[PDB]
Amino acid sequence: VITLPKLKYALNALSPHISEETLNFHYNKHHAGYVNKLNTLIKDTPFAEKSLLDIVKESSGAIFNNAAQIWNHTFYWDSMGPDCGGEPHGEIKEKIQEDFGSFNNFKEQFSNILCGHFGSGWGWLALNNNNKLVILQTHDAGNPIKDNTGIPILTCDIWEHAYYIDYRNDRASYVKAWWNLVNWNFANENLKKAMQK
């Protein structure tokens, strides 16, 4: 029953910023891996009929690890696109200006958070409870939904598997390149959703 959601673009679509190779390993291997392990762990428990998010919300241990990673990855693929990147636009542009001063303030702060996360984890743009954009970081499979720290708008995966093929130990160049990939229309979809609450 839990299926690996489809990419909205081709395996080559993020090149040269993230490679076709990477997306093959990250999506066809790692991401699919979390779906298959989750389906195994929940087959005959209370979790089998519950939704991905409910699982994420109520689970712990190995089930949460795989559940959250599935959700995190889907959010990550949708956080990017071909023909995306550069300056923001629409509502998210106006809110990033309001809540961080300027786009440039946000980008640098986000990049620094992304680059200094120790070990495996994620960076997030999130809407907190003051109806305010906020930069978070989570470790491993952690998630702002689980933490109740904010409603996700964008995410960027900082596990070594997300860049190691293309960038080796050079996380900073992966981060730089990711800005060419950021999908502002997903961000806008999420901000409108998130404001409704």
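Note that residue numbering follows the sequence shown and begins at 1.
When the mean C-alpha temperature factors of 98-106 and 72-80 are read from the deposited coordinates, 98-106 comes out higher. Comparing the deposited coordinates for 6-14 and 181-189, the stretch with the larger average C-alpha B-factor is 6-14.
Between the residues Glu160, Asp44, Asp140, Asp166, the entry's highest C-alpha temperature factor is the one at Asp44.
Residue-level inspection of the entry shows that, of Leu136, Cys156, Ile151, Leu52, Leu52 has the top Cα B-factor. Ranked within its chain, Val56 lands in the highest third, by CA B factor from the PDB record. In the PDB entry, a CA B factor belonging to the highest third of its chain's modelled residues is recorded for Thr40. Sort the modelled residues of the chain by CA B factor and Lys29 lands in the middle third. In the deposited entry, the Cα temperature factor of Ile63 sits in the middle third of values across the chain's modelled residues.
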